[PDB]
file my_file-v8.cif (mmCIF, C-alpha atoms and all ligand atoms)
data_query
#
loop_
_atom_site.label_atom_id
_atom_site.label_comp_id
_atom_site.auth_asym_id
_atom_site.auth_seq_id
_atom_site.Cartn_x
_atom_site.Cartn_y
_atom_site.Cartn_z
CA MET A 1 -47.77 77.76 -47.43
CA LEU A 2 -49.97 80.40 -49.02
CA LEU A 3 -49.47 80.80 -52.76
CA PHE A 4 -51.60 83.17 -54.80
CA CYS A 5 -52.69 83.33 -58.44
CA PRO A 6 -50.79 85.80 -60.65
CA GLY A 7 -54.03 86.52 -62.47
CA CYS A 8 -56.73 87.24 -59.90
CA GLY A 9 -54.92 86.83 -56.57
CA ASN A 10 -57.20 84.28 -54.96
CA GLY A 11 -55.66 81.49 -52.92
CA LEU A 12 -54.41 78.42 -54.75
CA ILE A 13 -55.36 74.86 -53.81
CA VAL A 14 -53.51 71.62 -54.57
CA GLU A 15 -55.38 69.15 -56.78
CA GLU A 16 -54.42 66.32 -59.13
CA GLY A 17 -54.39 66.47 -62.92
CA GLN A 18 -53.82 63.98 -65.70
CA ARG A 19 -50.01 64.22 -65.61
CA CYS A 20 -49.08 66.03 -62.41
CA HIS A 21 -50.45 67.44 -59.22
CA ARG A 22 -51.31 71.10 -59.77
CA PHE A 23 -51.73 74.26 -57.82
CA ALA A 24 -55.01 75.55 -59.17
CA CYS A 25 -57.12 78.64 -58.78
CA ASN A 26 -60.77 78.25 -57.92
CA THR A 27 -61.91 81.24 -59.98
CA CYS A 28 -59.73 81.33 -63.11
CA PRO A 29 -58.16 78.71 -65.43
CA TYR A 30 -54.62 79.17 -64.01
CA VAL A 31 -52.83 75.97 -63.02
CA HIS A 32 -49.20 75.27 -62.15
CA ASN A 33 -47.82 71.78 -62.71
CA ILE A 34 -45.65 70.48 -59.86
CA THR A 35 -42.71 69.21 -61.90
CA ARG A 36 -40.19 68.82 -59.07
CA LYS A 37 -39.93 68.36 -55.29
CA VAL A 38 -41.29 71.32 -53.31
CA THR A 39 -41.31 71.46 -49.51
CA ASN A 40 -42.29 73.68 -46.53
CA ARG A 41 -40.85 72.94 -43.04
CA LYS A 42 -42.79 74.17 -39.96
CA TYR A 43 -39.91 73.62 -37.47
CA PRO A 44 -41.83 73.29 -34.11
CA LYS A 45 -40.32 73.71 -30.57
CA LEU A 46 -39.05 70.67 -28.61
CA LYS A 47 -40.06 70.08 -24.92
CA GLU A 48 -36.42 70.34 -23.80
CA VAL A 49 -36.99 71.13 -20.13
CA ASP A 50 -36.15 68.25 -17.78
CA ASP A 51 -36.53 70.36 -14.54
CA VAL A 52 -35.80 68.56 -11.17
CA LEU A 53 -37.12 70.67 -8.25
CA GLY A 54 -37.79 71.07 -4.56
CA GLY A 55 -34.22 71.04 -3.28
CA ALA A 56 -33.52 72.22 0.24
CA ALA A 57 -31.36 75.09 -1.03
CA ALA A 58 -34.28 76.06 -3.28
CA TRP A 59 -36.33 76.21 -0.06
CA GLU A 60 -33.94 78.20 2.14
CA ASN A 61 -32.92 80.99 -0.25
CA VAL A 62 -34.96 83.32 1.98
CA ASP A 63 -33.47 85.67 4.58
CA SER A 64 -34.20 84.22 7.98
CA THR A 65 -31.99 81.92 10.05
CA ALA A 66 -30.95 81.53 13.71
CA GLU A 67 -34.19 83.09 15.01
CA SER A 68 -36.64 81.73 17.60
CA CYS A 69 -40.00 80.01 16.95
CA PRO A 70 -42.41 79.54 19.90
CA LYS A 71 -42.56 75.75 19.35
CA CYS A 72 -39.11 74.20 18.92
CA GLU A 73 -36.63 77.14 19.01
CA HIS A 74 -34.42 75.76 16.23
CA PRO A 75 -32.10 78.03 14.18
CA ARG A 76 -32.71 76.75 10.62
CA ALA A 77 -35.90 78.59 9.72
CA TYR A 78 -38.04 79.93 6.87
CA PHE A 79 -40.09 83.00 7.70
CA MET A 80 -42.89 85.00 6.13
CA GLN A 81 -44.55 88.34 6.88
CA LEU A 82 -47.89 89.69 5.68
CA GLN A 83 -49.82 92.90 6.19
CA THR A 84 -52.57 92.73 3.53
CA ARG A 85 -55.55 92.77 5.89
CA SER A 86 -56.17 96.18 7.46
CA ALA A 87 -58.79 94.76 9.77
CA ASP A 88 -55.66 93.32 11.38
CA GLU A 89 -54.08 96.43 12.80
CA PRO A 90 -51.39 94.11 14.29
CA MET A 91 -48.83 92.63 11.95
CA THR A 92 -49.06 89.15 10.43
CA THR A 93 -46.25 86.59 10.35
CA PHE A 94 -45.90 82.90 9.57
CA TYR A 95 -42.84 80.79 10.25
CA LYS A 96 -41.38 77.49 9.11
CA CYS A 97 -38.76 75.74 11.21
CA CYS A 98 -36.86 72.74 9.88
CA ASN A 99 -33.54 72.17 11.66
CA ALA A 100 -34.73 68.96 13.32
CA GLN A 101 -37.34 68.65 10.52
CA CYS A 102 -40.07 69.46 13.03
CA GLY A 103 -42.06 71.43 10.49
CA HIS A 104 -44.17 73.91 12.45
CA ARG A 105 -46.26 76.50 10.62
CA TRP A 106 -48.08 78.92 12.93
CA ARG A 107 -48.87 82.60 13.34
CA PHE B 696 -44.64 103.54 31.38
CA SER B 697 -44.18 105.90 28.42
CA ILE B 698 -42.96 105.80 24.81
CA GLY B 699 -41.12 108.77 23.28
CA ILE B 700 -39.18 109.72 20.15
CA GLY B 701 -36.09 108.76 22.14
CA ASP B 702 -37.28 105.18 22.36
CA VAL B 703 -37.61 104.82 18.58
CA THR B 704 -34.51 106.94 17.77
CA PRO B 705 -31.77 105.05 15.94
CA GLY B 706 -28.53 104.89 17.97
CA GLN B 707 -25.06 105.48 16.46
CA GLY B 708 -24.21 101.82 16.09
CA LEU B 709 -27.16 101.11 13.81
CA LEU B 710 -26.48 104.27 11.82
CA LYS B 711 -23.00 103.05 10.85
CA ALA B 712 -24.00 99.42 10.35
CA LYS B 713 -26.86 100.25 8.02
CA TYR B 714 -24.60 102.23 5.72
CA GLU B 715 -22.19 99.32 5.40
CA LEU B 716 -24.92 96.71 5.00
CA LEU B 717 -26.83 98.72 2.40
CA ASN B 718 -23.75 99.48 0.34
CA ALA B 719 -22.67 95.85 0.36
CA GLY B 720 -26.15 94.63 -0.55
CA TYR B 721 -26.59 97.14 -3.35
CA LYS B 722 -23.24 96.15 -4.87
CA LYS B 723 -24.00 92.43 -4.78
CA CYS B 724 -27.38 92.99 -6.44
CA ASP B 725 -25.77 94.97 -9.24
CA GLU B 726 -23.44 92.08 -10.02
CA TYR B 727 -26.33 89.62 -10.22
CA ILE B 728 -28.13 92.11 -12.48
CA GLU B 729 -25.02 92.25 -14.68
CA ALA B 730 -24.99 88.51 -15.22
CA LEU B 731 -28.61 88.29 -16.37
CA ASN B 732 -28.13 91.27 -18.64
CA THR B 733 -25.03 89.86 -20.27
CA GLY B 734 -24.14 86.32 -19.37
CA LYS B 735 -24.78 83.29 -17.24
CA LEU B 736 -26.84 83.39 -14.06
CA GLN B 737 -27.17 79.81 -12.79
CA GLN B 738 -30.87 79.23 -13.35
CA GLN B 739 -32.33 77.84 -10.12
CA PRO B 740 -34.18 74.53 -10.48
CA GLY B 741 -37.58 74.98 -12.16
CA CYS B 742 -37.27 78.71 -12.85
CA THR B 743 -36.54 81.16 -15.70
CA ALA B 744 -33.47 83.40 -15.42
CA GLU B 745 -35.60 86.46 -14.68
CA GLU B 746 -37.35 84.48 -11.97
CA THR B 747 -33.94 83.50 -10.62
CA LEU B 748 -32.74 87.11 -10.54
CA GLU B 749 -35.80 88.05 -8.50
CA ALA B 750 -35.04 85.34 -5.97
CA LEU B 751 -31.36 86.18 -5.58
CA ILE B 752 -32.14 89.88 -5.27
CA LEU B 753 -34.93 89.27 -2.76
ZN ZN C 801 -56.61 82.86 -60.17
ZN ZN C 802 -41.50 75.28 14.59
#
call {"tool": "encode", "arguments": {"input": "my_file-v8.cif", "output": "structure tokens"}}
result
Amino acid sequence: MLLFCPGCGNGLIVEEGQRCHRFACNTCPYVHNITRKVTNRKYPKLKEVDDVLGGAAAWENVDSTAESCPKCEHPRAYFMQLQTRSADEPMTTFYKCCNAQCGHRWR
Amino acid sequence: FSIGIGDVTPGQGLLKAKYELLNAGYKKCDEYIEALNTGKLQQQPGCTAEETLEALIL
């Protein structure tokens, strides 16, 4: 912790004297004998998170279901739509289809 | 073959359905918003609560 000299207000440093450890100024004679226990606790943050991930419900919390893919026609699906390329005047879609775990991903 | 404003004009059935769907959706979202603001929103695996709210709302 920062502690400052009552005289000149520079920063104190800890050093050792002939009877005690002392807080001492570098620029004036002031010293302070450490007579008793003094402490300073930082209290850092623990890495609490355990975090399992990748569950199927965490995958299918998106709108689409019971639609039709051009590959395997299954109802349990995971869709996507894009437009951010205006060279493509047509729309852009991508689909995931996982009822039979077939796993297509096309345009 | 021609396309006209009639072709893209919403029919009565959709006009009713949308009102019901939108109202229901807006209400559900508000509830989820309420939980994050003041309470427990089950945090989805691997995500912060704010992240979770985005997912449920989306
Ligand atoms: Zn000093
Ligand atoms: Zn497929």
call {"tool": "residues_near_ligand", "arguments": {"input": "my_file-v8.cif", "ligand": "ligand ZN 801 (chain C)", "cutoff": "9 Å", "atoms": "only C-alpha atoms and all ligand atoms", "output": "ChimeraX atom specification"}}
result
/A:4-12,24-31
call {"tool": "interface_residues", "arguments": {"input": "my_file-v8.cif", "of": "chain B", "to": "chain A", "cutoff": "12 Å", "atoms": "all atoms listed in the file", "output": "PyMOL selection string"}}
result
chain B and resi 738-743+747-753
call {"tool": "residues_around", "arguments": {"input": "my_file-v8.cif", "residues": "residue 83 in chain A", "least_positions_apart": "4", "cutoff": "12 Å", "atoms": "all atoms listed in the file", "output": "PDB file with C-alpha atoms, in the coordinates of the input"}}
result
ATOM      1  CA  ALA A  87     -58.790  94.760   9.770  1.00  0.00           C
ATOM      2  CA  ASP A  88     -55.660  93.320  11.380  1.00  0.00           C
ATOM      3  CA  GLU A  89     -54.080  96.430  12.800  1.00  0.00           C
ATOM      4  CA  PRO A  90     -51.390  94.110  14.290  1.00  0.00           C
ATOM      5  CA  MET A  91     -48.830  92.630  11.950  1.00  0.00           C
ATOM      6  CA  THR A  92     -49.060  89.150  10.430  1.00  0.00           C
ATOM      7  CA  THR A  93     -46.250  86.590  10.350  1.00  0.00           C
ATOM      8  CA  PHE A  94     -45.900  82.900   9.570  1.00  0.00           C
TER       9      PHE A  94
END
call {"tool": "residues_near_ligand", "arguments": {"input": "my_file-v8.cif", "ligand": "ligand ZN 802 (chain C)", "cutoff": "12 Å", "atoms": "only C-alpha atoms and all ligand atoms", "output": "PyMOL selection string"}}
result
chain A and resi 67-79+94-107
call {"tool": "closest_residue", "arguments": {"input": "my_file-v8.cif", "among": "B:706, B:718, B:699, B:745", "to": "residue 732 in chain B", "atoms": "all atoms listed in the file"}}
result
B:745
call {"tool": "decode", "arguments": {"input": "my_file-v8.cif", "residues": "range 40-77 of chain A", "atoms": "N, CA and C atoms", "output": "compact mmCIF listing (two decimals), in the first residue's frame"}}
result
# COMPACT_ATOMS: atom_id res chain seq x y z
N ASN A 40 -2.08 -6.01 4.51
CA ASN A 40 -2.75 -5.36 3.36
C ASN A 40 -3.23 -6.46 2.41
N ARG A 41 -4.52 -6.77 2.38
CA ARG A 41 -4.99 -7.94 1.59
C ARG A 41 -5.51 -7.53 0.22
N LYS A 42 -4.93 -8.07 -0.84
CA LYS A 42 -5.34 -7.75 -2.23
C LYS A 42 -6.72 -8.30 -2.58
N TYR A 43 -7.06 -9.50 -2.13
CA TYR A 43 -8.38 -10.11 -2.44
C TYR A 43 -8.63 -10.25 -3.94
N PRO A 44 -7.92 -11.15 -4.66
CA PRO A 44 -8.13 -11.38 -6.09
C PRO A 44 -9.37 -12.21 -6.44
N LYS A 45 -9.72 -12.33 -7.73
CA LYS A 45 -10.98 -13.01 -8.14
C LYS A 45 -10.77 -14.46 -8.56
N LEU A 46 -11.53 -15.38 -7.97
CA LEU A 46 -11.38 -16.83 -8.25
C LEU A 46 -11.93 -17.18 -9.64
N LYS A 47 -11.40 -18.24 -10.26
CA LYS A 47 -11.87 -18.71 -11.60
C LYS A 47 -13.04 -19.64 -11.37
N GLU A 48 -14.15 -19.11 -10.88
CA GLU A 48 -15.29 -19.97 -10.48
C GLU A 48 -15.90 -20.74 -11.64
N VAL A 49 -15.96 -20.13 -12.81
CA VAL A 49 -16.76 -20.78 -13.89
C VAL A 49 -16.35 -22.23 -14.15
N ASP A 50 -17.33 -23.12 -14.20
CA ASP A 50 -17.05 -24.52 -14.59
C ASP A 50 -17.46 -24.62 -16.07
N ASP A 51 -18.68 -24.19 -16.43
CA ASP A 51 -19.09 -24.07 -17.86
C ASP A 51 -19.11 -25.31 -18.76
N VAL A 52 -20.10 -26.20 -18.67
CA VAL A 52 -20.24 -27.31 -19.69
C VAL A 52 -20.86 -26.63 -20.91
N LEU A 53 -20.87 -27.24 -22.09
CA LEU A 53 -21.41 -26.47 -23.24
C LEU A 53 -21.78 -27.36 -24.41
N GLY A 54 -22.42 -26.80 -25.44
CA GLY A 54 -22.62 -27.60 -26.63
C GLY A 54 -23.81 -28.53 -26.59
N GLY A 55 -24.73 -28.35 -25.64
CA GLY A 55 -25.93 -29.16 -25.61
C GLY A 55 -26.81 -28.95 -26.83
N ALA A 56 -27.65 -29.96 -27.10
CA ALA A 56 -28.50 -29.91 -28.27
C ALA A 56 -29.55 -28.81 -28.15
N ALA A 57 -30.05 -28.57 -26.93
CA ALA A 57 -30.99 -27.47 -26.73
C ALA A 57 -30.30 -26.13 -26.91
N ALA A 58 -29.01 -26.05 -26.58
CA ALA A 58 -28.22 -24.86 -26.83
C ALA A 58 -27.93 -24.66 -28.32
N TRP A 59 -28.15 -25.70 -29.12
CA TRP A 59 -28.04 -25.62 -30.57
C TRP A 59 -29.35 -25.25 -31.24
N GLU A 60 -30.49 -25.72 -30.73
CA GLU A 60 -31.75 -25.55 -31.43
C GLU A 60 -32.66 -24.51 -30.77
N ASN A 61 -32.08 -23.55 -30.06
CA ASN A 61 -32.84 -22.37 -29.63
C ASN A 61 -32.82 -21.28 -30.69
N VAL A 62 -33.13 -21.69 -31.92
CA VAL A 62 -33.27 -20.84 -33.09
C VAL A 62 -34.60 -21.28 -33.71
N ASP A 63 -35.20 -20.37 -34.50
CA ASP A 63 -36.62 -20.41 -34.86
C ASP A 63 -37.03 -21.70 -35.57
N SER A 64 -36.25 -22.13 -36.55
CA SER A 64 -36.80 -22.96 -37.62
C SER A 64 -36.93 -24.42 -37.19
N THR A 65 -38.05 -25.02 -37.60
CA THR A 65 -38.31 -26.45 -37.45
C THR A 65 -39.41 -26.81 -38.44
N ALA A 66 -39.49 -28.10 -38.77
CA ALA A 66 -40.48 -28.70 -39.67
C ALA A 66 -40.47 -28.10 -41.07
N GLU A 67 -39.35 -27.53 -41.51
CA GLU A 67 -39.22 -27.09 -42.89
C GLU A 67 -38.61 -28.19 -43.76
N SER A 68 -38.26 -27.82 -44.99
CA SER A 68 -37.76 -28.74 -46.01
C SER A 68 -36.40 -28.26 -46.49
N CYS A 69 -35.38 -29.14 -46.36
CA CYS A 69 -34.08 -29.02 -46.98
C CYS A 69 -34.07 -29.76 -48.32
N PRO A 70 -33.25 -29.37 -49.29
CA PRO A 70 -33.21 -30.10 -50.57
C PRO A 70 -32.42 -31.40 -50.55
N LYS A 71 -31.93 -31.85 -49.40
CA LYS A 71 -31.10 -33.04 -49.31
C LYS A 71 -31.80 -34.20 -48.63
N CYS A 72 -32.35 -33.99 -47.43
CA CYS A 72 -32.88 -35.10 -46.66
C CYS A 72 -34.25 -34.82 -46.04
N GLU A 73 -34.82 -33.63 -46.24
CA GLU A 73 -36.23 -33.29 -46.03
C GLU A 73 -36.68 -33.41 -44.57
N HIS A 74 -35.76 -33.50 -43.62
CA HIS A 74 -36.15 -33.82 -42.25
C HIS A 74 -36.67 -32.58 -41.52
N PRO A 75 -37.58 -32.76 -40.55
CA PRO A 75 -38.15 -31.59 -39.86
C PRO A 75 -37.21 -30.87 -38.90
N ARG A 76 -36.43 -31.58 -38.08
CA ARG A 76 -35.58 -30.92 -37.09
C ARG A 76 -34.43 -30.21 -37.78
N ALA A 77 -34.48 -28.88 -37.79
CA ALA A 77 -33.58 -28.09 -38.61
C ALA A 77 -33.05 -26.89 -37.84
